[PDB]
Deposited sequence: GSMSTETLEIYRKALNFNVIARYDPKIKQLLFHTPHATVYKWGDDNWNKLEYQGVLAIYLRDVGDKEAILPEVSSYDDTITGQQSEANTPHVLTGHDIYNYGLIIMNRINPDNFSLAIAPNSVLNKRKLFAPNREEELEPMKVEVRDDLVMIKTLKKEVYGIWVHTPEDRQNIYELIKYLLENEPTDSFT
């Protein structure tokens, strides 16, 4: 019944839950009450089946042997990343449609171009992300070259996300 109590319980419980999906979560950075996601292909948007609260969080990659999990088992569906876990940030939509949540890895440009300087060049080929706002839609070009657009309910947040995402792309990561 106290606003300060409820916000702490929201942050702590959101972290507790997201950690059960991405165990490498370290700190919640941003959150918005509602967000709808569309995927772009065939020169028109397609509304995907994810809808709910959106969270941007920091991830723990101090470990260097970190290898990603796997699913227990045409190009419409996204590519789930494999190989070394070197993604500093994560975006997730906690879905109200079905049990599957929306995940987007966020790796800064510096960490990526630094990852280039590695002999095998065998780990999964990536691309620097991009982010844009246009007529209240937040479009993202992912590492896997897939491109998505996010419609966030709260208007003030539409700008926020962008800047934050842009921030997370441009700068070196710490704290």
property: Ranges missing from the model, given as deposited sequence positions; result: 1-2, 76-85, 188-190
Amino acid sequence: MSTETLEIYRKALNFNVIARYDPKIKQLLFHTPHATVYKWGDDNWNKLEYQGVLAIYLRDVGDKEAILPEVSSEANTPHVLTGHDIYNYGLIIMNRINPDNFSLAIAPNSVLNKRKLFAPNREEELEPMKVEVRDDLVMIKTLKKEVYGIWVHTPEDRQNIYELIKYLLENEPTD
From here on, numbers count along this sequence of modelled residues.
{"property": "Mean C-alpha temperature factor, higher of 111-119 and 124-132", "result": "111-119"}
{"property": "Entry-level comparison of average CA B-factors, 76-84 and 97-105, reporting the higher stretch", "result": "76-84"}
{"property": "Candidate residues 60, 49, 146, 70, the one whose C-alpha B factor the record puts highest", "result": "70"}
{"property": "Among modelled residues of the same chain, the CA temperature factor third for residue 66", "result": "highest"}
{"property": "Third of the chain's Cα B-factor distribution that residue 142 belongs to, per the entry", "result": "middle"}
{"property": "CA B-factor ranking of residue 5, expressed as a third of its chain", "result": "lowest"}
